[PDB]
Amino acid sequence: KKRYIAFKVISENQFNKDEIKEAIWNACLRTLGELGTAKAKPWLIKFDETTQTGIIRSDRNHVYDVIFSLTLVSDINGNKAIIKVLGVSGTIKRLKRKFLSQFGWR
């Protein structure tokens, strides 16, 4: 009933767990609304501050809404940056496989 989506952030500067975590939230709030966010249940399970890579969990039926929301992220904390998804997947090991493992992940 859950899905994990891997993402990388393209920016001039670095960002910390707390920062992108907040951003991911406001993104769903603006785009999906309080109700939408409630249904999507977006959770930031892990974010590698070194490689600006991370994983997000969401309801199986709202994956593309969380993606749609993250894509509209123009800047994050005053610093221009865009965040793009690398791919969705059933389990984390399976996701951490086909996408992250080829970054500093295992």
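Residues numbered from 1 in each chain as written, not as in the entry; some residues may be left out. Heavy atoms only, no water.

Draft legend 1. Fine view of helix 3 (residues 92-100). Of the positions making up helix 3, those classed as buried are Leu95, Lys96, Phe99 and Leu100. Axial view of helix 3: buried residues confined to an arc of 95°, hence all on one face. (Buried < 20%, exposed > 50% of the residue type's maximum accessible area, 1.4 Å probe, protein only. Helix = DSSP H or I, 4+ residues; strand = E, 2+ residues; numbered from the N terminus. Arc of directions from axis to C-beta.)

Draft legend 2. Structural context of the layout of surface pockets. Here the largest pocket defines a volume of roughly 160 Å³. In this structure, the largest pocket is lined by 13 residues; those nearest its centre are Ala23, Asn26, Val73, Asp75 and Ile76. When residues of the lining of the largest pocket are traced back to their parent elements, those giving at least two are helix 1 (17-40) and strand 4 (75-76). (1 Å grid on protein atoms, 1.4 Å probe; cavity = no way out; pocket = protein on both sides within 12 Å on 5 of 7 lines; lining within 4 Å. Points joined across faces, edges and corners; volume = space filled by probe spheres on them.)

Draft legend 3. Spatial organisation of unusual backbone geometry. Non-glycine residue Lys41 carries a positive phi angle of around 50°. Position of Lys41 among the secondary structure elements: in the loop between helix 1 and strand 2 (43-48). Phi angles above zero are rare outside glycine, and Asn77 is one such case at about 75°. Tracing the chain through its elements places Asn77 in the loop between strand 4 and strand 5 (79-89). Residue classification places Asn77 among the partly exposed positions, given a relative accessible area of 48%.

Fair warning: the whole summary comes from geometry, so function is off the table for now.
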